[PDB]
Amino acid sequence: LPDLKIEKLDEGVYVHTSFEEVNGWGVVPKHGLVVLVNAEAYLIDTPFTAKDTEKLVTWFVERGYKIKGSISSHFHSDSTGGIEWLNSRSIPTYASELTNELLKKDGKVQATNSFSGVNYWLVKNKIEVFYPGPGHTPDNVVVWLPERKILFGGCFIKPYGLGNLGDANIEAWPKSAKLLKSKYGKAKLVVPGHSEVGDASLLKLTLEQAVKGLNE
Ligand SMILES: [Zn+2]
Ligand SMILES: [Zn+2]
C-alpha cells in the first residue's frame with residue numbers, strides 16, 4: 001500500500017523502495033538500486049510487482065535514461081517480481097544460473113541472461129556481482145559499485161535480525177558473512193534489502209546476527 005519511493009543516494013545511484021503486506025510480518029519495505037552508467041539505467045533488483053517495476057522504469061525513461069538492464073540478487077519475488085514485465089519490454093534481465101533454476105522451480109519467469117561462478121561484471125569496473133555463499137537463500141548475491149564504494153547487500157544483509165528463514169542456510173550464513181565482511185570492509189555505504197542504508201558496520205552486525213541465529 002505505501003507508494004514506490006525513488007531517492008538519490010550518491011552520484012548516479014538511486015535507492016528504490018517498494019512495499020508488500022506479508023502475512024505475519026505486516027508491511028515489508030524492499031530496497032533496490034538504480035545505477036546510471038553513461039546516462040543509461042541499470043536496475044539492481046526489481047520491485048515486488050510489475051506495477052512498481054513500470055513506475056520505476058517510467059521515472060527514468062521519461063527523464064531520458066534508457067533502461068539497459070536489470071539484475072536480481074536472489075529468487076524471492078522482492079528481487080524478481082518485475083522480470084516478466086521487463087522481458088515483455090525487451091529489457092535485458094540478469095540472474096545467476098542458480099537463481100534462474102530456483103525461479104523455474106517456483107513457477108516463475110526466468111531472467112534472459114544468466115551467469116555462474118563467483119565474480120561477474122554486469123558492467124566492467126562499474127557494476128560487479130559477488131556470490132559470498134548461502135545465507136538468506138542458497139543463491140543470494142551482492143552487487144558492488146567500485147567507483148562509489150557502495151555495496152547492495154540485498155536480503156543477505158540483516159543487521160538487526162535475520163527476517164524470513166523460509167529458504168535460509170543458517171549453517172553456512174556465518175561463513176558467508178565473514179567472507180563478505182573481509183571483501184567489502186572498505187564500503188562507504190551498504191544497502192540492505194529490508195533495513196535502511198548504513199555504513200560498513202552493517203557487515204559486522206549481519207555476521208553477529210548470523211552467528212546468533214545458528215546458536216539456535
Ligand atoms: Zn529473500
Ligand atoms: Zn527480501
Side-chain angles (χ1 to χ4, degrees), residues 15 22 25 28-33 35 43-46 70-80 94-106 108 110-111 113-122 127-146 148-216:
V15 172
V22 177
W25 288 87
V28 170
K30 174 65 169 52
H31 302 118
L33 304 183
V35 177
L43 269 32
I44 313 312
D45 279 11
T46 70
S70 69
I71 184 271
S72 295
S73 65
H74 74 315
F75 79 100
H76 285 164
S77 67
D78 60 359
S79 298
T80 60
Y94 290 78
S96 80
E97 178 182 14
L98 179 56
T99 293
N100 262 3
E101 175 181 321
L102 301 176
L103 283 167
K104 180 168 164 59
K105 181 150 66 79
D106 209 40
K108 302 304 189 71
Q110 293 174 294
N113 304 274
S114 66
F115 57 87
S116 55
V118 185
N119 284 78
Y120 174 77
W121 290 110
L122 184 66
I127 307 171
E128 182 192 301
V129 186
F130 176 68
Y131 178 62
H136 171 64
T137 55
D139 61 323
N140 47 209
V141 300
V142 303
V143 175
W144 171 244
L145 308 186
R148 302 288 108 194
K149 303 216 198 310
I150 293 172
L151 185 70
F152 177 73
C155 302
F156 182 96
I157 294 294
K158 285 288 170 49
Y160 317 107
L162 296 179
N164 171 36
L165 287 180
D167 297 295
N169 185 333
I170 191 44
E171 321 301 329
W173 205 335
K175 189 199 317 169
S176 301
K178 208 321 97 213
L179 178 54
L180 188 72
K181 181 174 138 34
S182 313
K183 184 163 166 96
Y184 292 114
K186 36 156 172 162
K188 275 186 32 170
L189 296 169
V190 176
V191 182
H194 300 293
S195 304
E196 300 306 301
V197 182
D199 73 5
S201 66
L202 300 191
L203 297 165
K204 180 178 169 156
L205 292 179
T206 298
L207 170 55
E208 285 166 11
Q209 288 289 333
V211 172
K212 166 157 131 63
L214 179 45
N215 273 51
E216 41 276 53

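The first residue in the sequence is number 1, and the count goes up from there. The figures that follow rest on heavy atoms only: side chains count, while hydrogens, waters and symmetry mates do not.
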Problem - Listed partners of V118 passing side chain to side chain contact (heavy atoms under 4.5 Å, CB included), at least two apart - result: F130, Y131

Problem - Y94 and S114, any side-chain heavy atoms less than 4.5 Å apart - result: no

Fill in the blank from the handout: Heavy atoms of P132 and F156 approach each other most closely as CG-CE1, 4.0 Å

Exercise for the section: Locate the shortest heavy-atom distance separating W173 from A168; write the atom from each residue and the value. Expected result: CZ3-CB, 4.1 Å

Completion exercise
Contacts of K183 meeting salt bridge (charged side-chain N to carboxylate O under 4.0 Å, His left out) (sequence neighbours excluded), chain-then-number -> none

Exercise for the section: Indicate yes or no: at least one non-hydrogen side-chain atom of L151 is less than 4.5 angstrom from one of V191. Expected result: no

Exercise for the section: Would you please name every residue forming a side chain to side chain donor-acceptor pair (under 3.5 Å) with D167, sequence neighbours left out? Expected result: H76

Handout entry: Distance (rounded to the nearest 0.5 Å) between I71 CD1 and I127 CD1
Key = 9.0 Å

Practice task
First locate atom NE2 of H74, then atom OG of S79, and finally report the distance between them rounded to the nearest 0.5 Å.
Solution key: 4.0 Å

Fill in the blank from the handout: Across all chains, not counting sequence neighbours, the salt bridge (charged side-chain N to carboxylate O under 4.0 Å, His left out) partners of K30 are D45

Output a table of donor-acceptor pairs, distance under 3.5 Å, between side-chain atoms of residues 137-146 and any protein atom two or more places apart or on a different chain; print 'none' if there are none.
residue : atom : partner : partner atom : Å
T137    : OG1  : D139    : OD1          : 2.8
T137    : OG1  : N140    : N            : 3.3
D139    : OD2  : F75     : N            : 2.9
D139    : OD2  : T99     : OG1          : 2.7
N140    : OD1  : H136    : N            : 3.0
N140    : OD1  : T137    : N            : 3.1
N140    : ND2  : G133    : O            : 3.0
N140    : ND2  : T137    : O            : 3.4

Exercise for the section: Could you give me the CA-CA distance, side-chain angles and deciding distance for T80 and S72, then say whether side-chain hydrogen bond (donor to acceptor under 3.5 Å, both in side chains) is met? Expected result: CA-CA 6 Å; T80 60; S72 295; 5.7 Å; no

Using residues 203-215 as the side-chain source, report each donor-acceptor pair under 3.5 Å to any protein atom, sequence neighbours left out, with the distance given to one decimal.
residue : atom : partner : partner atom : Å
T206    : OG1  : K158    : N            : 3.0
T206    : OG1  : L202    : O            : 2.8

Exercise for the section: Taking side chain to side chain donor-acceptor pair (under 3.5 Å) as the test, write out the residues that go with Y120, two or more places apart. Expected result: none

Completion exercise
Residues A200 and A187: closest non-hydrogen pair is CB-O, 3.5 Å

Problem - Listed partners of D199 passing side chain to side chain donor-acceptor pair (under 3.5 Å), at least two apart - result: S201

Exercise for the section: Could you tell me the separation between the CG atom of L102 and the CD atom of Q110, rounded to the nearest 0.5 Å? Expected result: 10.0 Å

Exercise for the section: Output all residues satisfying side chain to side chain donor-acceptor pair (under 3.5 Å) with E128, sequence neighbours left out; order by chain, then residue number. Expected result: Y184

Exercise for the section: Look at the side chain of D106 and the backbone N and O of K108, then say whether any donor-acceptor pair between them is shorter than 3.5 Å. Expected result: no

Problem - Pairs meeting criterion side chain to side chain donor-acceptor pair (under 3.5 Å) with involvement of residues 188-198, two or more places apart - result: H31-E196, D78-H194

